[PDB]
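# Structural overview for review
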Amino acid sequence: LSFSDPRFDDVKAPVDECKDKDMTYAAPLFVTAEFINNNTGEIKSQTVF
Amino acid sequence: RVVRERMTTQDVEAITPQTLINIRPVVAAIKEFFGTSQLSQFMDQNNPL
Amino acid sequence: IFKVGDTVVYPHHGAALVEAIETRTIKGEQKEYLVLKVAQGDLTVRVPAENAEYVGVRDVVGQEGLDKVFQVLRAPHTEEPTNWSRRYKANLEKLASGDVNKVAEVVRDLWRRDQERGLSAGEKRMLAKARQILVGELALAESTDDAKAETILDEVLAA
């Protein structure tokens, strides 16, 4: 199993709204995983949150 | 650790990265760093200095 | 037979398209990898040009096997072993076999036992997955309007 290429989305809520609504200020993270079968030969590339 | 554990138990040809990957310890590690640590402190604001 | 534009069926990932033939280098040689685009989890599966039939990449179905799996779905036979563990193992093996008639047997047994008793959340997830792969297979096979594929599934479940 292999990971590659981290990539961020946009922030889900701005700073003053996050400070007012008592919610953390974050952004989602995406990692392109890849699962390789050695003897048979397959690659299952996906996208994981 | 749990990826290489559950990689061998359930069979080949049925596994995918989204069934291999469990993001709960990663997100709990980030949350338990940002809360309840002595290096992530409350910001000391009485004034700009 | 595998050119660009097919609709082939993987063993237990569902029916998928093809869009390219990759000549990706392995051992200094360009083995003809063919790519897949299966839309249940948007994963791309790339397989060598000759081991696809070994792993069970099965072509689409458009003949009297449709009537065969219809009479398999509307068959009178319903028998399972006494213990739920062996019953689940046998149904999981028939699901992982990747055959349309066997998947039809799995969904008719699970749907009969769920409309009679109601078993479990794990077998509910199993029935949802097998119904998803059967509905998607026939809807991309006959090109017969998916979720009206679910209406004709309701028809053959009513039998």
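Below, the structure is looked at part by part.

Here is what the cut-offs are and how they apply
Residues numbered from 1 in each chain as written, not as in the entry; some residues may be left out. Chains lettered and ligands numbered in written order. Part of a larger assembly, values for the part shown. Heavy atoms only, no water. Contact = heavy atoms within 4.5 Å. Buried area = accessible area lost by both parts, 1.4 Å probe. Salt bridge = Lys/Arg side-chain N within 4 Å of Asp/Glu carboxyl O. Polar contact = N/O pair within 3.5 Å; in protein donor to acceptor, adjacent residues only side chain to side chain. Helix = DSSP H or I, 4+ residues; strand = E, 2+ residues; numbered from the N terminus. 1 Å grid on protein atoms, 1.4 Å probe; cavity = no way out; pocket = protein on both sides within 12 Å on 5 of 7 lines; lining within 4 Å. Points joined across faces, edges and corners; volume = space filled by probe spheres on them. Nonpolar A, V, L, I, M, F, W, Y, C, P; charged D, E, K, R; others polar.

## Structural notes on the interface of chain A and chain C
- Taken residue by residue, the interface counts eight residues in chain A and 14 residues in chain C.
- Here chain A packs against chain C, burying approximately 830 Å² in sum over the two surfaces, 52% of which is carbon and sulfur.
- The interface formed by chain A and chain C contains zero salt bridges.
- Here chain A and chain C share four residue pairs in polar contact between them.
- The element contributing the most residues to the side of chain A that touches chain C is strand β4 (residues 42-45) of chain A, with four residues.

## Comments concerning the layout of surface pockets
- The space that makes up the largest pocket amounts to roughly 970 Å³.
- Taken together, 24 residues form the lining of the largest pocket, with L29(A), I23(B), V26(B), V27(B) and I30(B) sitting closest to its centre.
- Residue assignment for the lining of the largest pocket shows that the elements contributing at least two residues are α1 (2-9) and α3 (24-34) of chain B.
- It is α3(B) that contributes the most residues to the lining of the largest pocket, six residues altogether.
- Considered as a void within the structure, the second largest pocket measures approximately 820 Å³ in volume.
- Around the second largest pocket, the lining comprises 24 residues; the ones closest to its centre are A14(B), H12(C), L95(C), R125(C) and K129(C).

## Regarding the interface of chain B and chain C
- In this complex, chain B contributes four residues to the contact, which on the side of chain C involves five residues.
- Of the roughly 390 Å² buried between chain B and chain C on both sides combined, carbon and sulfur atoms contribute 53%.
- In this structure, the connection of chain B to chain C is made through one residue pair in polar contact.
- Looking at the side of chain B that touches chain C residue by residue, the classes come out as one nonpolar, two polar and one charged.

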